[PDB]
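Next come structure tokens for two forms of one protein chain, structure 1 first, structure 2 second.
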Structure 1
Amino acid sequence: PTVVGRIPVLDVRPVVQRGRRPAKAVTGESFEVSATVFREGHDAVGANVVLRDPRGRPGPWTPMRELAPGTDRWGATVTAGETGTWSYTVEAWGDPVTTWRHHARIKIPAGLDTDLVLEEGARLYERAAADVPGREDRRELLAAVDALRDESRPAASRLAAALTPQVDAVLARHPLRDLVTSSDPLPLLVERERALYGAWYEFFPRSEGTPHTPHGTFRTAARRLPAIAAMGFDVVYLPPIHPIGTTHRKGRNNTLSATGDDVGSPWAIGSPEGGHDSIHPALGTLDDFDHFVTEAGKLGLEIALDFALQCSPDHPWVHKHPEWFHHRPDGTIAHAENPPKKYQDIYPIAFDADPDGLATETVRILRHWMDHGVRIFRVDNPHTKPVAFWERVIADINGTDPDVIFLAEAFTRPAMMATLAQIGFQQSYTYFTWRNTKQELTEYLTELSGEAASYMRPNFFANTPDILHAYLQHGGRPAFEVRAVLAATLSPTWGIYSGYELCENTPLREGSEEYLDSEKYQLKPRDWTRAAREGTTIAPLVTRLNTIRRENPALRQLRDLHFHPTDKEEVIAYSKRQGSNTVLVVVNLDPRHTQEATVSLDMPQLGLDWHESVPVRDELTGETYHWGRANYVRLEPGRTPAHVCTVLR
């Protein structure tokens, strides 16, 4: 009982944890299945990929090619359809027609064994014809058999008849396959399209108040949705919406002690008004939330709720479930840290005393918000909770509600970010904000779209309430434009935190990535109408970007991405493709200085010969340009951060 089959087929990728967790995909996504495929001796091998939908049904005949000569690595692109658990195998086989055609091309003109090789071809095309099921496809192949056998013709003419394109036609359709060897099935999990594609917008409802009641409510915040929808966003992510604690409530600018009307951080979940299943009374009731969810849905927006599995000391859990916390010998509970940060206002959950209780409560809490229209959750700080916990929770929820998308806010070491993705988290936050040079971007994106894409889906938020990167601080408005062009086109999921559009870039101090006067500890009213009137918002650019994404399916995917070399360190170029769609992007990473460069396009990667002109259209400017293997660009920051171009039919 051998491990290797008749024709070796080994290391079928994609693979997640040696095959005991599923590789990932979404409806309509293309990705490449691959395998090492070879045989003993010198004869030709073929390989093909077999996709199975969740019922057993196989996909189209999908043949593979050797991906680089002499490597015996083969690949083919396959595409997932209906959501569910799929499977895929690679089949390998002896390819006798390629083997024979190769030998007949040398032996027949050399006059070697011409009578034997031609009868070999007759017998073998006859065999190819026994499986071809079309009467026309059959009779075509069998004519070549007779032409091979016609001794009244020169051998060169008899052989020629087995290589006419009408024979390659019938043969490409129904190939003759010897010694068919299958790999073991590998699991694929196909999820709804939002798992991979979508633009996210984060805002605090409490900041969208009125002059007479400054603390916003769901009813006042619902009026901010039209602006957000108009910018072309699909998901609206809310920070925790529940009662905020008062004990050790932080004051403005992350000061330890609050004051009389300091609002405190929404992540300090819990107070005697309720816990994670309740609404913060200054936002309104559970019906105010439904109104919000409904108004969001009407505009085409999906609500994503923040799940922070933690408590403020006033959460009812603190006394209702003391065993969900770790108490020091004096009975106090150390406040949470994500060092060097201190979270004095909240308690970390301990998991080893009553793991069943936390599991049951977590899914109850989540099913509660599920019942009210929440189908997406931004999981706060998952890497401080056990990995097997999220695995079990995501399984419970998805076993009944497979459409529920979880996003992992895991800024941490590469191991944990990867593991959390592989155990269930549909999307992941990334290091995107700390990749700002051409080389950092190229490296990270080469990886995220490389092998990582079989278990991770990146959500490129260009800012969060906790990350005001120095690139944006020092670059001003042209920095905010470049980073949005970058996030919206390098990932099929990107996002911004409210105030990005207004280019809010004042840090708490220098060397800090915190915001001065951070929204986390204060209401942050913003004059959206003034900013729009005065043109001091890049909301126009954010909108056209999500427009480009919605008209260009190349931008709705991640794995098909290629960087093109340019002769300036500050100028990056790259293209993505989906079928006939080819988007092509050139960004000036200098926020401060005009750059000009030669972008030397890798023409075959766009599907073109080395010398062809390319009709492109700069979807930001609407202008049209004619490019070739080398192209002069000039990008003036403030005027034009980048060209975002579709190739024209």
Structure 2
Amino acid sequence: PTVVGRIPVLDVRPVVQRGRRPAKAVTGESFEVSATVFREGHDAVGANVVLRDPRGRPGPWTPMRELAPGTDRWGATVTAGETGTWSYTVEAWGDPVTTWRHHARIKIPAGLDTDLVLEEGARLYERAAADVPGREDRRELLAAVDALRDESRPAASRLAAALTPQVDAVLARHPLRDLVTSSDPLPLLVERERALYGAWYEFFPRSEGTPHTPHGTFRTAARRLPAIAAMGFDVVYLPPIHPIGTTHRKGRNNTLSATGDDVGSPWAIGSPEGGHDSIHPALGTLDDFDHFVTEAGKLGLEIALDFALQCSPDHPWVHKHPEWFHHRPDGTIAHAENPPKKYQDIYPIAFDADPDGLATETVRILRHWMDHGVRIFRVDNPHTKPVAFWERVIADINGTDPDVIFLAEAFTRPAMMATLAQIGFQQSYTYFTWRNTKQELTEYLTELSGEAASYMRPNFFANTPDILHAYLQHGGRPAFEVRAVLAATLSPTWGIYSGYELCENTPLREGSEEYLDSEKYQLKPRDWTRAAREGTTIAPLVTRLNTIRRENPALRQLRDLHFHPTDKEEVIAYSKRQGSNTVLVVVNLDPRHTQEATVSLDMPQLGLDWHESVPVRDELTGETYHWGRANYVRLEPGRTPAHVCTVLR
């Protein structure tokens, strides 16, 4: 038993954990399958990819090509179909016809061995016709065989009868493959479109109240849903909707002692009113929640609930399951931390006394909300809980409900972030907010669109309730406009947290990424009507970006992305492609000064020739341009963040 087959097929990619975890795709997504393929001697080889659906049914004939000269690295693009677990193999084989052609095109014109050479080609084409299924094809090959053996015609006439485009066609479909060798199957997990592509919007229902009842309900907060859908979003992400503890409840601006009417942080879950399977009483009943979900569904909006595996000191688990927490010698439970951040209002979970009870209760809670229409969960801080626990929980839920999507809020070191996606997490938060220079964005997006794309799907939130980057603080509305362009065009999934449209950017203090008067600790009513009428919102820009994404398949994928050089450090340029759709973006990363630059596009990367010129339409303005290998641009902050151009037919 040899590790290597007759014709070596090695190091098939993509591969996750040496084959023990699946590579990932979504319905209709294209990606490259590659392998190292070669043979002994100098004769030619060929290779093809066999992608099998969940029932074992192979896909179309998919031949591979050597990706670079002298590397023996071969590749071919496949497209994922319906959801489920697929498999793919690589088949390699001797290519006797190419070998005989290449050498017959030398020996016949120079009179060497012609009768012996032409008869050798007749014997090959004969073996080729034996493995050809259709009879019209089978006679096209036997006609070339007979013409090859016709000693009464010139040798150049006999040879050329086997090198015609009509013999090219049969062989480019049913080629003669020698010593066919196969790799071992590699698994592929195909999931639904929303796992890769979608626009996300986060807001606090309790903030959308009334003058008489300032604490909003699910029934008042449902009034925001039409505006959210009108901005082109597909997913509404809600902070925890459960009762909030009173013991050590935090006050406004993250103060230790709440006073009077303070509402506390929604992530300090649990009170005598209920736990993770309960509704905050100021938000209404489980019946109102169904109404909210139903109204969201009518507008094309899916709900994503926050899942925070933690407890306030008043959560029922504290006395019903004391072994789910670590107790110090005096019996107290230390509050959760994530340094240098401290959460004096919550307890972390201990997983090693009763791991089965925790997993059983966790999937029960998730299935409760799944029964009420929640098919997406934003998982709070997964990296402070055991990695294997999430692997077990995700596999349990997806085993019965493969449509459920899990998003990992893991802002941590690279190894943990990769592993969490590799063990099941459909989506991952990223380093996006901390990549603001051209070098940072080019390097990070090269990483996310490269090998990481076989297991990680990025969700680019331009802001979060805990992340107001110094770029937005110092750049004002122009900064908000640039980050929206970048996030919406660089990832097929992007999102914002309410208030971003209004360019809220007052930090807690200098050096902090917290908002002043953070919504996490207080109701935040907003004059949405006045901002629209006074034009002080970038919702129109947000709306246009989502329209452009809904209209251009290139912005609904991740792996096809290429950066084009500019002569200005503040100006970045890149393109993305999907079939015949090509989008080109040029962004001025300077929010305070106008920048002009030449954009030297990589034309073969666009499928064009260096001399060619193409018409483009700036989808932000409707203006038409004609662009070639060198293009002048002038971008003024406030007036224009970027050009978002589509290539016209």
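So that the term is clear: the rigid core is the largest set of C-alpha atoms that superpose within 1.5 Å between two forms. By convention here, residues take numbers in order along the sequence of structure 1, the first being 1.
In a rigid core superposition between the two structures, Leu148 is the single residue of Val190, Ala195, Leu490, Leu148 whose Cα is displaced by 2 Å or more. In the core-superposed comparison between the two structures, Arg158 has its Cα shifted by at least 2 Å. Shown in the overlay between the two structures, fitted on the rigid core, is a CA shift at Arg413 smaller than 2 Å. Once the cores line up, the CA of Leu309 ends up less than 2 angstroms apart between the two structures. In the rigid-core superposition between the two structures, residue position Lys576 carries a C-alpha shift of 0.5 Å. Once the rigid core is matched between the two structures, the CA atom of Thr98 is found 1.6 Å away.
Aligning the rigid core leaves the CA of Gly134 displaced by 3.5 Å between the two structures.
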